[PDB]
Amino acid sequence: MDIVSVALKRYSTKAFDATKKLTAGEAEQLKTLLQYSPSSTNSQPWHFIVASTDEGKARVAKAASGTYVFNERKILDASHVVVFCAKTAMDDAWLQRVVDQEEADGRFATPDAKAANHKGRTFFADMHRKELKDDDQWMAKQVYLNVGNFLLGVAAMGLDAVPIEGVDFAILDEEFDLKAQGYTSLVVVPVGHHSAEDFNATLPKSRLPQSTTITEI
Amino acid sequence: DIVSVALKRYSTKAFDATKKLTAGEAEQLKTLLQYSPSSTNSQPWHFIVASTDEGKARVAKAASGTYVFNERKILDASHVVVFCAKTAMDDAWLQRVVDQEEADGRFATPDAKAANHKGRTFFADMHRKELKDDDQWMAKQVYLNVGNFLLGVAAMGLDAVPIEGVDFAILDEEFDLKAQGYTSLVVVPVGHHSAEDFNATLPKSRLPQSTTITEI
Ligand SMILES: Cc1cc2nc3c(=O)[nH]c(=O)nc-3n(C[C@H](O)[C@H](O)[C@H](O)COP(=O)(O)O)c2cc1C
Ligand SMILES: Cc1cc2nc3c(=O)[nH]c(=O)nc-3n(C[C@H](O)[C@H](O)[C@H](O)COP(=O)(O)O)c2cc1C
């Protein structure tokens with residue numbers, strides 16, 4: 001697969017064609033990509049809101065009013081809009097949920113194997129939630145890893161997307177009652193097909209030279 | 001078929017030290033690191049790419065104490081990437097990014113460049129002046145790069161594993177990162193898994209979508 005060509009062709013969509021929708025199969029693949037991203041210890045400390053109705057997208061778009069109005073149209077016009085959310089705390093129940101799911105999927109040959117996995121994950125989680133008091137940051141980082149996986153994955157599907165931090169995430173959290181549910185919103189990714197007006201699709205891609213960013217040893 | 005790639009890649013537990021990347025694959029690895037997106041194209045990152053035994057040994061110093069279980073992966077993989085974030089978003093870096101965008105022909109006019117610079121500075125100021133979280137903001141962009149990278153190398157047919165289980169203070173000291181304005185965050189060995197790594201064969205486990213996805 002020519003993934004480098006995918007990486008060089010994908011770009012941050014500036015306008016979506018509001019008439020072009022994902023197929024049913026594409027929508028399923030989108031959710032599979034969200035689900036199957038890796039994460040530290042397979043902790044999966046995340047929730048996703050996938051908005052595909054006009055009202056659902058309008059609820060997300062409420063967070064882009066005023067200061068962030070330049071991002072509001074992207075949210076309204078795309079086919080499917082993903083709100084990436086992190087857990088606000090790594091609680092005991094979630095750690096148990098993850099390891100129980102690994103058992104349900106047949107990853108452990110014995111109780112001892114499950115216990116070793118649980119102990120190892122709990123060690124890392126405790127380092128963050130007890131020692132460093134940064135489990136919120138640790139989990140948010142895993143969500144961003146998922147975003148990076150997602151942007152390349154949808155590009156490889158032939159879909160356009162744009163990662164969006166330019167919204168009011170406090171408004172978004174309130175609109176979707178996220179804090180009470182144990183989550184906080186971090187990134188919005190509209191997905192679809194760019195419009196004929198979006199000339200960012202052809203503008204040269206710009207990055208700092210490797211002589212600046214890469215040291216080879 | 002990127003979904004098949006996503007379902008086949010896995011966290012490699014042991015690498016075959018005899019299986020090196022080709023020269024072309026090594027170039028593609030660096031292209032993937034360079035061309036990841038980031039908020040405002042801020043690219044707030046540096047990468048150490050170790051491909052010699054001496055270079056991998058420097059990285060492996062961090063896989064000590066509790067983290068010895070990750071030492072072999074770092075030594076045995078063909079190429080090992082240390083992902084680093086800037087620790088502060090300074091004016092000079094913002095100017096460097098926008099000057100590079102001009103050099104690449106993204107702006108029709110000085111006015112267009114000025115608008116781009118103003119918009120990026122607005123976001124940077126929100127983090128570095130208002131929220132005082134620019135370090136966290138930049139680290140998040142590095143993790144986005146990691147996620148792009150893991151899927152990209154998988155699509156190239158390469159094995160990899162993201163590693164947080166090392167002592168990043170040792171890694172920072174070894175590479176003098178803090179005084180240069182950087183901190184190391186993730187180590188990703190890349191290569192081909194050992195035939196003895198049966199984690200390649202075990203079922204992939206994730207929470208059901210009924211738990212993690214709300215459709216609206
Ligand atoms: C986390 C993140 C947030 C971003 N926020 C926005 C945004 O709010 N609106 C927007 O139009 N583009 C946004 N961008 C797109 C970036 O400007 C873009 O990724 C960068 O300029 C690199 O160019 P490319 O994505 O076209 O390769 C965001 C990108 C990332 C990764
Ligand atoms: C940021 C990050 C850090 C990780 N740390 C380690 C590590 O130190 N050592 C390791 O063997 N695996 C590590 N893992 C691998 C995870 O356990 C793995 O991604 C998770 O179990 C999901 O399964 P999969 O990657 O096989 O699909 C890490 C993964 C991520 C994303």
# chains A, B, ... in the order shown; residues from 1 in each chain; ligands from 1
$ interface_residues --of "chain A" --to "chain B" --cutoff "7 Å" --atoms "only C-alpha atoms" --output "ChimeraX atom specification"
/A:1,3-4,7,29,33,35-36,46-53,56,98,101-102,105-107,141,144-149,152-153,156-157,203-204,206-208,210,213-217
$ closest_atom_pairs --of "chain A" --to "ligand 2" --cutoff "8 Å" --atoms "only C-alpha atoms and all ligand atoms" --output "CSV"
residue,atom,partner,partner_atom_place_in_ligand_line,distance
A:36,CA,ligand 2,27 (O),6.8
A:37,CA,ligand 2,27 (O),6.8
A:38,CA,ligand 2,19 (O),4.0
A:39,CA,ligand 2,31 (C),3.3
A:40,CA,ligand 2,30 (C),3.5
A:41,CA,ligand 2,17 (O),3.7
A:42,CA,ligand 2,20 (C),3.6
A:43,CA,ligand 2,20 (C),7.3
A:141,CA,ligand 2,1 (C),7.7
A:142,CA,ligand 2,1 (C),6.3
A:145,CA,ligand 2,31 (C),7.0
$ closest_residue --among "A:9, A:201, A:138, A:34" --to "residue 186 (chain B)" --atoms "only C-alpha atoms"
A:138
$ atom_distance --atom1 "CA of residue 83 (chain A)" --atom2 "CA of residue 184 (chain A)"
9.8 Å
$ select_by_dssp --residues "chain B" --states "helix (DSSP H, G or I)" --output "ChimeraX atom specification"
/B:2-8,23-35,39-41,53-60,65-76,91-103,110-131,134-155,168-174,177-180,198-200,209-212
